[PDB]
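> Enclosed is the structure file coords.csv (CSV, C-alpha atoms).
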```csv
chain,number,residue,atom,x,y,z
A,1,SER,CA,49.0,92.6,74.6
A,2,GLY,CA,49.4,95.9,76.4
A,3,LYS,CA,51.6,96.8,73.3
A,4,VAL,CA,54.1,94.7,75.3
A,5,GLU,CA,54.0,92.3,72.4
A,6,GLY,CA,56.8,94.4,70.7
A,7,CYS,CA,58.8,93.8,73.8
A,8,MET,CA,58.3,90.1,74.0
A,9,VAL,CA,61.6,88.4,73.6
A,10,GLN,CA,63.2,85.0,74.2
A,11,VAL,CA,66.3,84.4,76.3
A,12,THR,CA,68.2,81.2,76.0
A,13,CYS,CA,71.0,80.0,78.1
A,14,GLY,CA,72.6,76.5,77.9
A,15,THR,CA,69.9,74.2,76.9
A,16,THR,CA,67.2,76.0,78.8
A,17,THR,CA,65.2,78.7,77.0
A,18,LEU,CA,62.5,80.8,78.5
A,19,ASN,CA,60.7,84.0,77.7
A,20,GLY,CA,62.1,87.4,78.6
A,21,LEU,CA,60.9,91.0,78.7
A,22,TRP,CA,62.9,93.5,76.6
A,23,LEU,CA,62.6,97.1,77.7
A,24,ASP,CA,65.1,99.7,76.7
A,25,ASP,CA,68.5,98.2,76.7
A,26,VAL,CA,67.5,95.8,79.5
A,27,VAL,CA,66.2,92.3,79.2
A,28,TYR,CA,64.7,90.6,82.2
A,29,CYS,CA,64.3,86.9,82.4
A,30,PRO,CA,64.0,84.3,85.2
A,31,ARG,CA,67.3,83.6,87.0
A,32,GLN,CA,66.6,79.9,86.6
A,33,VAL,CA,67.7,80.2,82.9
A,34,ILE,CA,71.2,79.8,84.3
A,35,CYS,CA,70.1,76.7,86.1
A,36,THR,CA,70.5,73.2,84.7
A,37,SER,CA,68.1,70.5,85.7
A,38,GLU,CA,70.7,69.0,88.1
A,39,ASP,CA,71.6,72.4,89.4
A,40,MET,CA,67.9,73.1,90.0
A,41,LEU,CA,68.0,70.4,92.8
A,42,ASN,CA,70.2,72.6,94.9
A,43,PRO,CA,71.4,75.7,93.0
A,44,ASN,CA,74.0,78.1,94.1
A,45,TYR,CA,72.9,80.8,91.7
A,46,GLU,CA,75.8,83.0,92.7
A,47,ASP,CA,78.2,80.2,91.9
A,48,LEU,CA,76.5,79.6,88.6
A,49,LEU,CA,76.6,83.2,87.7
A,50,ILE,CA,80.2,83.7,88.4
A,51,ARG,CA,81.2,80.9,86.1
A,52,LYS,CA,79.1,82.3,83.3
A,53,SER,CA,79.8,85.1,80.9
A,54,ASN,CA,78.1,87.3,78.4
A,55,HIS,CA,78.6,84.8,75.6
A,56,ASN,CA,76.7,82.2,77.6
A,57,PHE,CA,73.5,84.1,77.1
A,58,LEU,CA,71.8,84.1,73.8
A,59,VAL,CA,69.0,86.6,73.5
A,60,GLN,CA,66.8,86.5,70.5
A,61,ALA,CA,64.1,89.0,69.6
A,62,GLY,CA,62.6,87.5,66.5
A,63,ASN,CA,65.2,86.8,63.9
A,64,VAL,CA,67.4,89.4,65.5
A,65,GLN,CA,70.1,88.5,68.0
A,66,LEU,CA,70.5,90.9,70.8
A,67,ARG,CA,74.2,91.0,71.7
A,68,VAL,CA,74.5,90.8,75.5
A,69,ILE,CA,77.1,93.2,76.6
A,70,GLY,CA,76.6,92.9,80.3
A,71,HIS,CA,74.8,90.7,82.8
A,72,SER,CA,74.0,91.2,86.4
A,73,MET,CA,71.8,89.4,88.9
A,74,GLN,CA,69.1,91.1,90.9
A,75,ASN,CA,67.4,88.6,93.2
A,76,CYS,CA,65.6,85.9,91.3
A,77,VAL,CA,65.5,87.9,88.0
A,78,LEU,CA,68.5,88.2,85.7
A,79,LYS,CA,69.2,91.6,84.3
A,80,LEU,CA,70.9,91.6,80.9
A,81,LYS,CA,72.2,94.6,79.1
A,82,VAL,CA,71.8,94.4,75.3
A,83,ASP,CA,73.4,96.4,72.7
A,84,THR,CA,70.2,98.0,71.3
A,85,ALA,CA,67.2,99.8,72.7
A,86,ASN,CA,63.8,98.4,71.8
A,87,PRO,CA,62.4,101.1,69.6
A,88,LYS,CA,58.9,100.5,70.8
A,89,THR,CA,59.5,100.6,74.5
A,90,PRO,CA,56.2,101.8,76.1
A,91,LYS,CA,56.2,104.0,79.1
A,92,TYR,CA,56.4,101.5,82.0
A,93,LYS,CA,56.8,101.2,85.7
A,94,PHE,CA,57.4,98.3,88.0
A,95,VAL,CA,54.8,97.8,90.7
A,96,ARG,CA,54.0,95.2,93.3
A,97,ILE,CA,50.4,94.0,93.4
A,98,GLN,CA,48.3,92.2,95.9
A,99,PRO,CA,45.8,89.3,95.5
A,100,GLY,CA,42.3,90.3,94.5
A,101,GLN,CA,43.7,92.8,92.0
A,102,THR,CA,43.1,91.6,88.5
A,103,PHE,CA,45.7,91.9,85.9
A,104,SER,CA,46.5,90.7,82.4
A,105,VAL,CA,49.1,88.1,81.5
A,106,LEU,CA,50.4,87.9,78.0
A,107,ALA,CA,50.8,84.2,77.7
A,108,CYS,CA,53.5,83.1,75.3
A,109,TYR,CA,54.1,79.8,73.7
A,110,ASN,CA,57.6,79.3,72.4
A,111,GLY,CA,58.2,83.0,72.6
A,112,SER,CA,55.0,83.7,70.7
A,113,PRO,CA,52.2,85.6,72.4
A,114,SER,CA,49.1,83.6,71.6
A,115,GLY,CA,46.4,85.5,73.4
A,116,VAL,CA,45.8,87.9,76.2
A,117,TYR,CA,44.2,86.5,79.3
A,118,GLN,CA,43.2,87.9,82.6
A,119,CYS,CA,44.6,86.3,85.7
A,120,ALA,CA,44.3,87.2,89.3
A,121,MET,CA,46.4,86.1,92.3
A,122,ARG,CA,44.8,83.9,94.8
A,123,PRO,CA,45.4,84.6,98.5
A,124,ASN,CA,48.1,82.0,98.3
A,125,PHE,CA,49.7,84.1,95.7
A,126,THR,CA,49.4,81.6,92.9
A,127,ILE,CA,47.7,82.0,89.6
A,128,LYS,CA,45.7,79.3,87.8
A,129,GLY,CA,45.8,79.1,84.0
A,130,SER,CA,46.4,76.2,81.7
A,131,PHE,CA,47.2,78.9,79.1
A,132,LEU,CA,50.2,79.6,81.2
A,133,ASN,CA,51.2,76.0,81.0
A,134,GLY,CA,54.4,75.5,78.9
A,135,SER,CA,55.0,79.2,79.3
A,136,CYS,CA,57.6,80.8,81.5
A,137,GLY,CA,59.0,84.3,81.7
A,138,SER,CA,55.6,85.5,80.6
A,139,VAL,CA,54.8,88.8,82.2
A,140,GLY,CA,51.7,90.3,83.7
A,141,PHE,CA,50.8,93.9,83.6
A,142,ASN,CA,48.0,96.4,84.0
A,143,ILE,CA,47.4,99.3,81.6
A,144,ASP,CA,46.8,102.7,83.0
A,145,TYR,CA,46.5,105.1,80.1
A,146,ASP,CA,49.7,104.7,78.2
A,147,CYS,CA,51.7,103.4,81.1
A,148,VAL,CA,52.2,99.7,81.5
A,149,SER,CA,52.6,98.6,85.1
A,150,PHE,CA,54.3,95.3,85.3
A,151,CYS,CA,53.2,93.1,88.2
A,152,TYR,CA,54.3,89.6,87.4
A,153,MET,CA,56.8,87.4,85.9
A,154,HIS,CA,56.2,83.7,85.6
A,155,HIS,CA,59.0,81.7,87.2
A,156,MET,CA,57.7,78.2,87.6
A,157,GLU,CA,54.7,76.0,87.2
A,158,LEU,CA,53.9,73.9,90.2
A,159,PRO,CA,52.7,70.3,89.6
A,160,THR,CA,49.5,71.1,91.4
A,161,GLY,CA,48.3,73.0,88.3
A,162,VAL,CA,49.0,76.3,89.8
A,163,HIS,CA,51.8,78.7,88.8
A,164,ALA,CA,54.2,80.6,90.9
A,165,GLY,CA,55.9,83.8,89.9
A,166,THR,CA,57.6,86.9,91.2
A,167,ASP,CA,57.4,90.6,90.8
A,168,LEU,CA,59.7,92.3,88.3
A,169,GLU,CA,62.1,92.9,91.2
A,170,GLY,CA,62.3,89.1,91.2
A,171,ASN,CA,60.8,89.0,94.6
A,172,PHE,CA,58.5,86.1,95.0
A,173,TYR,CA,54.9,86.6,95.8
A,174,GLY,CA,54.1,84.3,98.7
A,175,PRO,CA,56.6,81.8,100.1
```
Starting from the file, lay out its structure as structure tokens.


Amino acid sequence: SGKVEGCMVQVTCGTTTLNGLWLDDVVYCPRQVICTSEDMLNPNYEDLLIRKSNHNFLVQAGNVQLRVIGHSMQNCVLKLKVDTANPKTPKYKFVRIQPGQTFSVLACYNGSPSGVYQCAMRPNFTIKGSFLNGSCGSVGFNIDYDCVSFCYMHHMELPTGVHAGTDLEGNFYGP
């Protein structure tokens, strides 16, 4: 799990709920959590964000609600401030990887990590993994000693049975 299991959280907004990564007083989740289905056709994410408030975001870590006290958008990831620090935050850094480098993805089903699997980006910067199906907001990482280097956040599954995702700066890999 990379010990990231303790950091695994869920972030729900509107009727859309996806997984999120809770580190320190910061929770990261796909920006598309603000999107509705209809909005997804042609979203103006800025427009969506500006009409939304702290209360619109429900962040749940287990049976504990994390009060969102601030929200801001950084690229395609949403950065939420929460009112409590995860007590088991590991040392971590955000890194950008390239294809051919293997890394581990903690696949989560309904917010529940259900296994650790190795995934590797293809040259077309997709990952394959049916285990990643029905998962979103799952993160990928590598472990170097006691430092968890995050490399991936799942943003969307493509219908072609491959998955697309971003770095933790919310910058897409590939087009």

> Using only C-alpha atoms, tabulate the residues of stretch 76-138 of chain A lying at most 12 Å from any atom of stretch 43-50 of chain A, each with its closest atom pair and that distance in Å to one decimal, by chain and increasing residue number, as JSON lines.


```
{"residue": "A:76", "atom": "CA", "partner": "A:45", "partner_atom": "CA", "distance": 8.9}
{"residue": "A:77", "atom": "CA", "partner": "A:45", "partner_atom": "CA", "distance": 10.9}
{"residue": "A:78", "atom": "CA", "partner": "A:49", "partner_atom": "CA", "distance": 9.7}
{"residue": "A:79", "atom": "CA", "partner": "A:49", "partner_atom": "CA", "distance": 11.7}
```

> So, with only C-alpha atoms as the atoms that count, which of A:62, A:14, A:137, A:159 lies closest to residue A:105?

A:137

> May I ask for the distance between atom CA of residue A:160 and atom CA of residue A:2, given in Å to one decimal place?

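Interatomic distance here is 29.0 Å.
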
> At a cut-off of 10 Å, using only C-alpha atoms, what residues contact residue A:111? Leave out same-chain residues fewer than 5 positions from it and give the result as a PyMOL selection string.

chain A and resi 8-11+17-20+60-62+135-138

> For residue A:108, which of A:154, A:67, A:3, A:51 is the closest residue, counting all atoms listed in the file?

A:154

> If you measure from atom CA of residue A:65 to atom CA of residue A:163, what distance in Å do you get, rounded to one decimal?

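It comes out at 29.4 Å.
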
> Please determine, counting all atoms listed in the file, which residue among A:125, A:141, A:131, A:28 has the shortest atom-to-atom distance to residue A:99.

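Among A:125, A:141, A:131, A:28, it is A:125 that comes nearest to residue A:99.
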
> Leaving out residue A:169 and any residue of its chain fewer than 2 positions from it, which residues lie within 12 Å of it when counting all atoms listed in the file, given as JSON, numbers by chain?

{"A": [28, 29, 30, 31, 73, 74, 75, 76, 77, 78, 79, 93, 94, 95, 96, 97, 150, 151, 152, 153, 165, 166, 167, 171, 172, 173]}

> Find, counting only C-alpha atoms, the residue in A:156, A:148, A:119, A:27 that gets nearest to residue A:40.

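That would be A:156, the residue with the smallest distance to residue A:40.
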
> Hey, what's within 12 Å of residue A:53 if we count all atoms listed in the file and toss same-chain stuff fewer than 6 positions away? As an MDAnalysis selection string, please?

chainID A and resid 13:14 34 68:72 80

> Go through A:168, A:66, A:58, A:41 one by one, measure the shortest atom-to-atom distance of each to residue A:149 using only C-alpha atoms, and give the residue with the smallest value.

A:168

> Separation of atom CA of residue A:113 and atom CA of residue A:5, in Å?

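Going from atom CA of residue A:113 over to atom CA of residue A:5, I get 6.9 Å.
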
> Taking all atoms listed in the file into account, which of A:15, A:104, A:112, A:130 comes nearest residue A:158?

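Closest to residue A:158 of all the choices is A:130.
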
> Would you kindly return, as a list in words, each protein, DNA or RNA residue with an atom no farther than 10 Å from any atom of residue A:118, considering all atoms listed in the file and excluding same-chain residues fewer than 3 positions away?

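In the requested format, the answer is residues 102, 103, 104, 105, 106, 107, 129, 140, 141 and 142 of chain A.
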
> Could stretch 29-53 of chain A be completed with N, CA and C atoms and returned as a short mmCIF file (atom, residue, chain, number, x, y, z; two decimals), keeping the file's coordinate frame?


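The file below, selection_13.cif, is the result:
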```
data_model
loop_
_atom_site.label_atom_id
_atom_site.label_comp_id
_atom_site.auth_asym_id
_atom_site.auth_seq_id
_atom_site.Cartn_x
_atom_site.Cartn_y
_atom_site.Cartn_z
N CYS A 29 64.77 88.21 82.64
CA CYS A 29 64.30 86.90 82.40
C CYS A 29 64.50 86.18 83.78
N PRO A 30 63.82 85.05 83.99
CA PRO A 30 64.00 84.30 85.20
C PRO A 30 65.48 83.85 85.36
N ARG A 31 65.93 83.90 86.63
CA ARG A 31 67.30 83.60 87.00
C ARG A 31 67.54 82.12 86.68
N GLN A 32 66.47 81.30 86.65
CA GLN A 32 66.60 79.90 86.60
C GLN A 32 67.08 79.50 85.16
N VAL A 33 67.20 80.49 84.25
CA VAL A 33 67.70 80.20 82.90
C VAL A 33 69.14 79.78 83.04
N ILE A 34 69.83 80.15 84.15
CA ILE A 34 71.20 79.80 84.30
C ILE A 34 71.24 78.41 84.88
N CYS A 35 70.09 77.93 85.37
CA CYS A 35 70.10 76.70 86.10
C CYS A 35 70.04 75.58 85.11
N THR A 36 70.78 74.49 85.41
CA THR A 36 70.50 73.20 84.70
C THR A 36 69.57 72.48 85.56
N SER A 37 69.08 71.35 85.01
CA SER A 37 68.10 70.50 85.70
C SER A 37 68.77 70.05 86.99
N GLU A 38 70.03 69.56 86.90
CA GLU A 38 70.70 69.00 88.10
C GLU A 38 70.92 70.12 89.03
N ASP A 39 71.29 71.31 88.52
CA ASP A 39 71.60 72.40 89.40
C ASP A 39 70.36 72.79 90.13
N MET A 40 69.18 72.60 89.49
CA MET A 40 67.90 73.10 90.00
C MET A 40 67.65 72.37 91.34
N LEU A 41 68.26 71.19 91.56
CA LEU A 41 68.00 70.40 92.80
C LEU A 41 68.51 71.23 93.92
N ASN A 42 69.68 71.88 93.75
CA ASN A 42 70.20 72.60 94.90
C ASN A 42 71.16 73.67 94.28
N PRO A 43 70.61 74.71 93.68
CA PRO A 43 71.40 75.70 93.00
C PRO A 43 72.09 76.65 93.89
N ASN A 44 73.37 76.94 93.60
CA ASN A 44 74.00 78.10 94.10
C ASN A 44 74.08 79.10 92.98
N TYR A 45 73.11 80.03 92.91
CA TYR A 45 72.90 80.80 91.70
C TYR A 45 74.10 81.74 91.58
N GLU A 46 74.68 82.16 92.72
CA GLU A 46 75.80 83.00 92.70
C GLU A 46 76.94 82.27 92.03
N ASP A 47 77.06 80.98 92.41
CA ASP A 47 78.20 80.20 91.90
C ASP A 47 77.98 80.00 90.45
N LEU A 48 76.72 79.80 90.01
CA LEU A 48 76.50 79.60 88.60
C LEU A 48 76.79 80.82 87.85
N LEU A 49 76.47 81.99 88.42
CA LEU A 49 76.60 83.20 87.70
C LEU A 49 78.03 83.52 87.45
N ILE A 50 78.85 83.24 88.49
CA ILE A 50 80.20 83.70 88.40
C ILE A 50 80.98 82.93 87.41
N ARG A 51 80.49 81.73 87.00
CA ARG A 51 81.20 80.90 86.10
C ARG A 51 80.73 81.18 84.70
N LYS A 52 79.75 82.11 84.57
CA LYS A 52 79.10 82.30 83.30
C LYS A 52 79.45 83.70 82.82
N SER A 53 79.33 83.90 81.49
CA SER A 53 79.80 85.10 80.90
C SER A 53 78.76 85.59 79.95
#
```
